[PDB]
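Engineer: This structure is in structure tokens; I'll ask about it shortly.
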Amino acid sequence: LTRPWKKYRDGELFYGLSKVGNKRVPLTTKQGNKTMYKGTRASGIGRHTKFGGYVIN
Amino acid sequence: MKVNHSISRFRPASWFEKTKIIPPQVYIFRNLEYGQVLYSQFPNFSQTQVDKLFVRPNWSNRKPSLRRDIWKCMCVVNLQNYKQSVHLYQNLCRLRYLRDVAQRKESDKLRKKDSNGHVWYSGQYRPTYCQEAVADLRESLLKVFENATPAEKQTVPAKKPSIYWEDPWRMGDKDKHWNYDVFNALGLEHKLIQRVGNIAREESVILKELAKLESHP
Amino acid sequence: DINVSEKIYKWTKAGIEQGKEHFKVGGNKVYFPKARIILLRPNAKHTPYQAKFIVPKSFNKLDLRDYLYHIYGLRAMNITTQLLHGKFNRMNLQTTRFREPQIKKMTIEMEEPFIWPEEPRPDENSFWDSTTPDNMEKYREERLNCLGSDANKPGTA
Amino acid sequence: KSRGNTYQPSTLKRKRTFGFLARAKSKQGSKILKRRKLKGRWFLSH
Amino acid sequence: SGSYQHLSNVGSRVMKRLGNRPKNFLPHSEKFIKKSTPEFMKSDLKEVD
Amino acid sequence: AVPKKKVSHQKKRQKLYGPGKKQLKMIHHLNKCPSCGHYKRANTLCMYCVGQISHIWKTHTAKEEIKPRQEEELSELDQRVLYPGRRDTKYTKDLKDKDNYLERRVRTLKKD
Amino acid sequence: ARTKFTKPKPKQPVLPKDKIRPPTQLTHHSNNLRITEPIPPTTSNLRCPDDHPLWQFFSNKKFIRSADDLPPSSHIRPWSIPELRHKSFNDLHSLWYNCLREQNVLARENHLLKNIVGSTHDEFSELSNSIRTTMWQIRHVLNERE
RNA sequence: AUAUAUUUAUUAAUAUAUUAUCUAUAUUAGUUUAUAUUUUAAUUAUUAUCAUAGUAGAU
RNA sequence: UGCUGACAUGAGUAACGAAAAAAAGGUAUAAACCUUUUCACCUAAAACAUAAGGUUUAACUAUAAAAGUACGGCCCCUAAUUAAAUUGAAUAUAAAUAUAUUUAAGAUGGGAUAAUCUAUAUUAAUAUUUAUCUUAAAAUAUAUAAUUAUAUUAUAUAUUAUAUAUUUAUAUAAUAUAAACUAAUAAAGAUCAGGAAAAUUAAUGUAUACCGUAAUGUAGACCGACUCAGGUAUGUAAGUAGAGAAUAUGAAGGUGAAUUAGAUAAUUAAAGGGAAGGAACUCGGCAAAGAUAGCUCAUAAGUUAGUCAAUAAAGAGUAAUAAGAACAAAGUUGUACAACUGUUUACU
Ligand SMILES: [Mg+2]
Ligand SMILES: [Mg+2]
Ligand SMILES: [Mg+2]
Ligand SMILES: [Mg+2]
Ligand SMILES: [Mg+2]
Ligand SMILES: [Mg+2]
Ligand SMILES: [Mg+2]
Ligand SMILES: [Mg+2]
Ligand SMILES: [Mg+2]
Ligand SMILES: [Mg+2]
Ligand SMILES: [Mg+2]
Ligand SMILES: [Mg+2]
Ligand SMILES: [Mg+2]
Ligand SMILES: [Mg+2]
Ligand SMILES: [Mg+2]
Ligand SMILES: [Mg+2]
Ligand SMILES: [Mg+2]
Ligand SMILES: [Mg+2]
Ligand SMILES: [Mg+2]
Ligand SMILES: [Mg+2]
Ligand SMILES: [Mg+2]
Ligand SMILES: [Mg+2]
Ligand SMILES: [Mg+2]
Ligand SMILES: [Mg+2]
Ligand SMILES: [Mg+2]
Ligand SMILES: [Mg+2]
Ligand SMILES: [Mg+2]
Ligand SMILES: [Mg+2]
Ligand SMILES: [Mg+2]
Ligand SMILES: [Mg+2]
Ligand SMILES: [Mg+2]
Ligand SMILES: [Mg+2]
Ligand SMILES: [Mg+2]
Ligand SMILES: [Mg+2]
């Protein structure tokens, strides 16, 4: 019994309110494949190096 | 190929004197996510030490990850001899084993329990582990010194053992703890780690610079 | 002669000794910034020598160091960023779902420890009194869920 | 074998073949983008 | 009531729609607010935009 | 294996409320508690009298709470800086409100 | 598989006592080592200064300003565009950052109120908005001047 | 080893109770085992669980 | 078999979805939540780390901490491939557009430094898959520099004692268990003949950007209408025993479930045993039962010469002579069709 105050089935979900809804919301940083990179307009300084680093300008 | 490094094995006193990589001292690290503590014989630590220290991991004392971004050095203890340093390291590890496996029942009742009977946590951080490390270090140090105490000048006045915390807050009160006569006999001094540069970012340079100062000769 | 990391340490030590920036000042000068940062109460995993802030999302780690030093005089040695997620939320099941705002938080290690002030007792600060808002919400939910004969049932609000 | 699990999610494919740029960068894609806009749809694309 | 909403403006379209309800259907919401408030902060006068 | 016609009000009622077995029976086996003095079921024990004795056992054979020496020596300030307050979730908050889904037994009526 | 016909495997070889290398360690931990109660860290060891810069994030070293302490709305009024025109760049610069500093303080109080108490008093929000008005009025004056 | 009574002189011993039969280094990188090294890290007796009711013979 | 809304009958009936639980206390509020003890299940997983996915569901608003040295993305480079892009007049075509060349994008791939911790920038000059076989020699046991048999064929770092620039490094010599297993050159068998792309010095320089980080991830946290016995990628996966990741237990960990408590009628499903017969059953030995080694020997006819037949059937050696875990292991022959290994009607 996940919720001791709900002994019988009342339609309540395991978590949240609805299992369905819109999926066309804009992407964010925390979600996507490991190769995704959203960014936060917080770095326009320097130049990526050829090896894969950074150089602050 | 030299697969084995200075930190792969457990280095005894004879190895330290021949190599003289660092002055006799033991580093104590803390984890900033789970709140756990790791004892190291060198400024650097790897997966082998973690495995040898967390042998009985459960949902409370989870095995930490070797992600350097969440490990920070808490206290660097310097000792007069290499035998003392090795002996302290062994004592600290024994308590961790006793506290985790052999005498877990008696350790548990000393810990702080919140409602629901679990060990206090704010997330996965449990301060009881850091406090335990400080207490164990104090007890191990006391048992380290009591075995050997010349009480005289054998060949040369030995260097006074010292201790290097990040901040004075971490250690308890200077009166009800860390005030036994034995420590005052050897003149244990509570000193603070140099705090100017980026500590975590530049810990390696700090530890060496403190290592050179410790080796006054 | 010396490693890069040693040189970085020397520069920071030199800056503190001379009463000047312990970092490198960039060339893009902002004369009238509008960024605001919120101090946050310490967590258990913190120490009295740190402080956590809710910085703007478009805020570099270097930006906060300059922001603190030049406006407040506080020098942050190590700064580290924790960017949070936004959970889906909806005021009612009939409306479209959208994510909660992402909040960027950074933690700074300082040289002089800080301890927050004591929180007011519920008898002096009118604002800091959680009974009234929670009580209203309990009344709000109770009267929205009372469907039939429960109208006459006494309320706990 | 059992069916019903035809939709196996993947953000890369879902965005690459149904995303906004996946349609804004083609004649046919743009046409359906503007058709949805004219109908007044809130969510033009993925 | 921790929501972090005051620090940002997310859902501009939905917020505008909710806050710009049609004037014909205000009585729908007026009943909701009235029935869901204590009597000692409610007045019997209509509100003003 | 399916009803061929809708069952009328008459047939439904006499099927459920007709027979004596389907209808519940008067409780005639009630006695007076020798100790409580109130009503109780025959050949059973008075729950209140049993409950209070169990209470006596609990308070006289309770194990002292483990209160570690370390904690009681901390000032309020150190407790705050070391054990800050934390917020609870909806599930956790509801669970603490145990008076909404747990309720105690009702004291039986007195028999004269 | 372990059938009934299986025979025990031969014992492993053992190095003779005359050739076994002595271990590099002979002494070990102490067997009289007892578990002590944890020792909490204490703030009595600290010296948190009274001039600490973070104090600028609080109003007179107070957790959250009450109604009386907050400046009343009647007694106050944001700057006016003509008034800012009589100010030097340095003074306008000084005003901007003073506005920003209190904006940080008010933001800290709003967040604490709206994230813990949940009250909708928004007295701090209105004060911040009034400061925000002055801030853009400063920006307008500078542009018009340039 | 700790605690309580007795003897002896806070050490040692008897009685009782509780607890434990661990751990750590070396044998060329990792794991397991074996031996040596450090510590106090025991042998018996009678039970118990799992393997289709583990399985066979009885009942 | 009209559309929509409300309410009936079936009916308080079927069902509550692989399952081990019990007492005491939180709490004179508990089968369902928390703690302690007992019992049990999973344990080459129902454990521990991860990838993708997702209404953040997490130990939660005071919340998931990175210069790099096993930390990934980001960045350099490209494969398959893509492109309202580039080329009096590139070519073609009712429009849409297609074709060829360039350029750009595109990981599922490649990218020096590093615990004696390391330094990526600016300027100037010039590798498919696959095995470690045989001889040799050292060393060892019985025998007499000859012979039989035997572990080893190459590296992985500690100690002792010596020589070099001078207690830092190298070199030398001697000592140091077995079974698995790891990355690197070595050596070499077959044809099915085994990716693309992006320099060194000399000087100067480094104040270390942004994003990922919670928990679930063989599932109550993803795809399956469901807190659905279905589908879902990777590495460890204690010991004892074994050829083995089979099978048996289970150290540690996790776990014992939105259904409970009694008798277990007729009957149903999944299992155990069964006298005397032993296929009489049945369309039809369907189902069920049947294993006298699992190691070492031995092993016929036919035959395309291939221990194909063949793991040949029966048989032998090893304690078993009444039996006592689990797993592997289930006969012979004739005929029709097809050479054989394979593919096919997702769901008869
Ligand atoms: Mg993801
Ligand atoms: Mg670092
Ligand atoms: Mg980060
Ligand atoms: Mg579907
Ligand atoms: Mg496709
Ligand atoms: Mg089992
Ligand atoms: Mg009709
Ligand atoms: Mg019926
Ligand atoms: Mg029935
Ligand atoms: Mg039923
Ligand atoms: Mg109870
Ligand atoms: Mg198996
Ligand atoms: Mg095993
Ligand atoms: Mg897991
Ligand atoms: Mg490219
Ligand atoms: Mg890749
Ligand atoms: Mg994760
Ligand atoms: Mg994790
Ligand atoms: Mg499932
Ligand atoms: Mg789903
Ligand atoms: Mg177990
Ligand atoms: Mg689990
Ligand atoms: Mg169930
Ligand atoms: Mg029979
Ligand atoms: Mg028979
Ligand atoms: Mg027949
Ligand atoms: Mg017949
Ligand atoms: Mg059959
Ligand atoms: Mg033949
Ligand atoms: Mg079989
Ligand atoms: Mg024929
Ligand atoms: Mg065929
Ligand atoms: Mg076939
Ligand atoms: Mg078929």
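Nothing in this text is a laboratory measurement; each read-out follows from the coordinates by a stated rule. Neighbour counts are summed over all protein chains in view; Cβ atoms, including those assigned to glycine, are modelled from backbone coordinates with ideal geometry.
Engineer: Could you name every one of the helices (runs of 4 or more DSSP H) located completely within chain D that has at least 2 residues being over 20 Å from A:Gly32 (Cβ atoms) and not aromatic (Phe, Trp, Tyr)?
Structural biologist: Working: elements: D:11-18, D:21-24, D:27-39.
Because the criterion is at least 2 residues that are over 20 Å from A:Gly32 (Cβ atoms) and not aromatic (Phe, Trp, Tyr), the helices (runs of 4 or more DSSP H) in chain D that meet it are D:27-39.
Engineer: Which is away from RNA strand I (no atom under 15 Å from the Cβ), farther than 27 Å from C:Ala76 by Cα and more than 10 Å from chain G (Cβ to nearest Cβ), of B:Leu188, B:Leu192?
Structural biologist: Details: B:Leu192 fails: farther than 27 Å from C:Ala76 by Cα.
Just a single option satisfies the conditions, and that option is B:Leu188.
Engineer: I'd like to check something: does region B:175-194 contain any residue that is away from ligand 4 (no atom under 16 Å from the Cβ), surrounded by fewer than 14 Cβ atoms within 10 Å (Cβ to Cβ), without any contact (Cβ under 8 Å) to a residue 40 or more places away in the chain and of a type in the set (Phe, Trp, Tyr)?
Structural biologist: Looking for residues that are away from ligand 4 (no atom under 16 Å from the Cβ), surrounded by fewer than 14 Cβ atoms within 10 Å (Cβ to Cβ), without any contact (Cβ under 8 Å) to a residue 40 or more places away in the chain and of a type in the set (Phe, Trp, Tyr), one finds at least one in region B:175-194, hence yes.
Engineer: Still on this structure, I have one more. (1) touching an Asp or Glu at 6+ places or on another chain (Cβ under 8 Å); (2) more than 29 Å from C:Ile54 (Cβ to Cβ): which one isn't true of G:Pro49, the others all being true?
Structural biologist: Condition not satisfied by G:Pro49: (2).
Engineer: Something else now. Does C:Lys104 qualify as being basic (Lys, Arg), within 16 Å of ligand 1 (Cβ to nearest atom) and closer than 18 Å to E:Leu7 by Cα? I'd like the intermediate steps shown before the answer.
Structural biologist: Working: basic (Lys, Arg): yes; within 16 Å of ligand 1 (Cβ to nearest atom): no; closer than 18 Å to E:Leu7 by Cα: yes.
Spelling it out, it is not the case that C:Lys104 is basic (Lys, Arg), within 16 Å of ligand 1 (Cβ to nearest atom) and closer than 18 Å to E:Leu7 by Cα.
Engineer: Moving on. Which numbered condition trips up C:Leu39, out of (1) facing another protein chain (nearest Cβ under 7 Å); (2) more than 24 Å from A:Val55 (Cβ to Cβ); (3) assigned to a loop (DSSP other than H, G, I, E, B)?
Structural biologist: Of everything listed in (1) facing another protein chain (nearest Cβ under 7 Å); (2) more than 24 Å from A:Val55 (Cβ to Cβ); (3) assigned to a loop (DSSP other than H, G, I, E, B), C:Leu39 misses just condition (3).
Engineer: Counting only residues that are within 9 Å of chain G (Cβ to nearest Cβ) and not in a helix (DSSP H, G or I), which one in region E:1-22 is nearest to C:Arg140 (Cα to Cα)? Walk me through how you get there before you give the answer.
Structural biologist: Keep residues of region E:1-22 that are within 9 Å of chain G (Cβ to nearest Cβ), which gives E:1-7.
In the following step, the residues that additionally are not in a helix (DSSP H, G or I) were identified as E:1-4.
On the way: E:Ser1: 14, E:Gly2: 17, E:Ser3: 18, E:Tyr4: 21 Å.
Of everything passing the filter in region E:1-22, E:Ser1 is nearest to C:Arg140 (Cα to Cα).
Engineer: Do we find that B:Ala200 is within 16 Å of ligand 3 (Cβ to nearest atom) and surrounded by 12 or more Cβ atoms within 10 Å (Cβ to Cβ) in this structure? Break it down stepwise before answering.
Structural biologist: Values: within 16 Å of ligand 3 (Cβ to nearest atom): yes; surrounded by 12 or more Cβ atoms within 10 Å (Cβ to Cβ): yes.
Criteria met by B:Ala200.
Engineer: While we're on this one: Do we find a residue being of a type in the set (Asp, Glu), part of a helix (DSSP H, G or I), free of Cβ contacts under 8 Å to residues at least 60 places away in the same chain and under 30 Å from C:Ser126 (Cβ atoms) anywhere in region G:91-100?
Structural biologist: No.
Engineer: Turning to a different aspect of this structure: Given the conditions (1) within 30 Å of the chain's Cα centre (by Cα); (2) surrounded by fewer than 16 Cβ atoms within 10 Å (Cβ to Cβ); (3) under 20 Å from G:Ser59 (Cα atoms), which single one is not true for G:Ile76?
Structural biologist: Among (1) within 30 Å of the chain's Cα centre (by Cα); (2) surrounded by fewer than 16 Cβ atoms within 10 Å (Cβ to Cβ); (3) under 20 Å from G:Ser59 (Cα atoms), the lone unmet condition for G:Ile76 is (1).
Engineer: Of the residues that sit in region C:57-102 and are within 10 Å of chain E (Cβ to nearest Cβ) and free of Cβ contacts under 8 Å to residues at least 12 places away in the same chain, which one is surrounded by the fewest Cβ atoms within 10 Å (Cβ to Cβ)?
Structural biologist: Ranking the qualifying residues of region C:57-102, first place goes to C:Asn92.
Engineer: What are the residues in region B:132-174 that are buried (at least 20 other Cβ atoms within 10 Å of the Cβ) and either aliphatic (A, V, I, L, M) or free of Cβ contacts under 8 Å to residues at least 24 places away in the same chain (or both), if any?
Structural biologist: B:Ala133, B:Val134, B:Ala135, B:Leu137, B:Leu141, B:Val144, B:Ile163, B:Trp169, B:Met171, listed by residue number.
Residue-wise test of (1) of a type in the set (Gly, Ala, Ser); (2) under 23 Å from E:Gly11 (Cβ atoms); (3) more than 16 Å from ligand 3 (Cβ to nearest atom).
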{"site": "D:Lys1", "(1), (2), (3)": "no, no, yes"}
{"site": "D:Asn5", "(1), (2), (3)": "no, no, yes"}
{"site": "D:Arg14", "(1), (2), (3)": "no, yes, yes"}
{"site": "D:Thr17", "(1), (2), (3)": "no, no, yes"}
{"site": "D:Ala24", "(1), (2), (3)": "yes, no, yes"}
{"site": "D:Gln28", "(1), (2), (3)": "no, no, yes"}
{"site": "D:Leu33", "(1), (2), (3)": "no, yes, yes"}
{"site": "D:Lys37", "(1), (2), (3)": "no, yes, yes"}
{"site": "D:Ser45", "(1), (2), (3)": "yes, yes, yes"}
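Engineer: What is the number of the single condition among (1) within 16 Å of ligand 4 (Cβ to nearest atom); (2) surrounded by 10 or more Cβ atoms within 10 Å (Cβ to Cβ); (3) farther than 28 Å from E:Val14 by Cβ that D:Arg14 does not meet?
Structural biologist: Failing condition for D:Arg14: (3).
Engineer: Another one. Taking the options G:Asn110, G:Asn115, name whichever one is closer than 24 Å to C:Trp116 by Cα, within 9 Å of another protein chain (Cβ to nearest Cβ), touching a helix residue (DSSP H, G or I) at 6+ places or on another chain (Cβ under 7 Å) and not hydroxyl-bearing (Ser, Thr, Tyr). So that I can check it myself, show each step before the final result.
Structural biologist: Details: G:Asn115 fails: touching a helix residue (DSSP H, G or I) at 6+ places or on another chain (Cβ under 7 Å).
After applying the criteria, what remains is G:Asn110.
Engineer: Report, ordered by the first and then the second residue, all pairs with beta carbons closer than 9 Å, sequence separation of six or more or different chains, a first member in region D:1-28 that is more than 12 Å from every other protein chain (Cβ to nearest Cβ), and a second member that is within 6 Å of RNA strand I (Cβ to nearest atom) and in a helix (DSSP H, G or I).
Structural biologist: Taking only residues 6 or more apart or on different chains, the pairs are D:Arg23/D:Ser30; D:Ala24/D:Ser30.
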